[PDB]
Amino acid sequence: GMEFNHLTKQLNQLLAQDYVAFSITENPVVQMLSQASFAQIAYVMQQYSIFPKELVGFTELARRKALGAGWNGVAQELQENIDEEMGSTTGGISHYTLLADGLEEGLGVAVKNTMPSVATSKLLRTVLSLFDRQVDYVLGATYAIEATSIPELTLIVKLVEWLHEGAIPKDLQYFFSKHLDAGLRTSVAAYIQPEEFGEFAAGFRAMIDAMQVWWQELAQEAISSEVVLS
């Protein structure tokens, strides 16, 4: 209803105003592009790729939290998200695979079997700690994934275009266009009570904070490869 709609609009605005990681100009990797080598930005993309993979499992944890609380409509919406990320609208090919295959075909950058870096491992541990809380908080963090999706994908398009000398592979271009050229919010609205809006907001905040910290740390990891110990 109106009060939850106000909250979700607010959280989207918060993200747009206050978070440089989701800015197409102020993201810390974008800010290092003048000085960065191909290898360094390829490293960022290898690490980045881990996150969409792992987010399917986190969405599963949120689905289970929703079921556990009797938020059945939300569990159903989350199942549809999982099905889509695992390929239900892209011929059975997961979104992760489209990205990974596209990076390999376009750049010769292998990302499958990438181990998380210190920063990425820290992100994944932090995120799990959020997805282990009560349903309202967990769904806030889950809504943060949805809210960050478009700004994130816009940054990824930029970095991938920066890396490519020519056109990007056509399947990868479709992956991007399908995302960039309401269901979760409306489902949660049916169950969430006003007394838990604060917990939903807290989960959202915690997730976007964790993701921002990761982008910052991953920019430092990338640039540090040419540092001479001093």
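In this text, residue numbers run from 1 along the sequence as written.
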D181 to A182: deposited residues not modelled, binned count -> 4 to 9
Assert higher mean C-alpha B factor (35 to 43 or 164 to 172, deposited values) equals 164 to 172
The stretch carrying the higher mean Cα B factor in the deposited entry, 193 to 201 or 49 to 57, is 193 to 201
Max C-alpha B-factor within the set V127, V109, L155, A147 falls on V109
So, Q216's CA B-factor, relative to its chain, sits in which third? The lowest
Here the Cα B-factor of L103, set against its chain, lands in the third termed highest
Tertile call for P116 (CA temperature factor, within chain, third-based) is the lowest
Entry-reported C-alpha B-factor of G91 relative to its chain, by third, is highest
By the entry's values, the third containing the CA B factor of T142 is the lowest
